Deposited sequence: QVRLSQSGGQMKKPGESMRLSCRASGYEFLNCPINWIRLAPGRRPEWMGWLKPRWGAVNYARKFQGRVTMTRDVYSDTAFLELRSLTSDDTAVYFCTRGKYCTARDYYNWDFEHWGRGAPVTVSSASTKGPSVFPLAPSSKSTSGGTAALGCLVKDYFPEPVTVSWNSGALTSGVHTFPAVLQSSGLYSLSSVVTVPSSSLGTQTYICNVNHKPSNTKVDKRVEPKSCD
């Protein structure tokens, strides 16, 4: 069956360039164009260009001419995309696509039935940074709320558990938000009985794999 194996996402700074590969399989690679499309959250999808693997003929969208390059390796059915002179506008999820109608006699390019898993590309002048984990201590119906504030980390994602996962009831971890500094920050709260603030111990396990930082932040009443 038709499978578009894409290379993973990556982290970039403005001015650098990026390279993405997409391995085709399950069909004759020369029969039909391969397209590249980027999707930025809250923005109109952008077709970048197609490549016809036979001669490597390309058609690049006006917007990208000069900056983009599309090549392929016929001997291994792999397609390649390079995007140069990156800015923060190039932050999107880049896909490779192939239409549905694909035979040796004819094709229709634009009914994209087959997509790659995606490759999230983020372009920011922010460097990788471990998060600072600050307590949200409770005070004094009969329930108290406490939590972790996970501030100033780059990039996504960060993971939060409570009491090493032994506490999952009444837990709300919020979608992280992008501060004007460029760093991320999220809060994770949990509701507990008031008759436990002095007995049961509450620890917020924050793990941020990119910077390789783990924090076991104990939240206790001030």
Ranges missing from the model, given as deposited sequence positions: 141-144, 227-229
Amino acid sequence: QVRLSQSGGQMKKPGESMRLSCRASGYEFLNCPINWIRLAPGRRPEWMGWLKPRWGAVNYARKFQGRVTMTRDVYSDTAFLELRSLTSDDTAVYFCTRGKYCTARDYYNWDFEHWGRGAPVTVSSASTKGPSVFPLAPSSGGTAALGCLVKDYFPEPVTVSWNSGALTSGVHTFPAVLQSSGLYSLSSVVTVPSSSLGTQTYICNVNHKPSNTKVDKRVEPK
From here on, numbers count along this sequence of modelled residues.
Mean C-alpha temperature factor, higher of 142-150 and 114-122: 142-150
Mean Cα B-factor comparison, 209-217 or 17-25, giving the higher one as deposited: 209-217
Candidate set 37, 167, 34, 70 [ranked by C-alpha B-factor, highest]: 167
Of the residues 48, 176, 171, 51, the one carrying the largest Cα B-factor as recorded: 171
Third of chain Cα B-factors occupied by residue 105: highest
Third of the chain's Cα B-factor distribution that residue 58 belongs to, per the entry: lowest
B-factor third for the C-alpha atom of residue 65 within its chain: lowest
Record-listed C-alpha B factor of residue 7: chain third: middle
B-factor third for the C-alpha atom of residue 94 within its chain: lowest
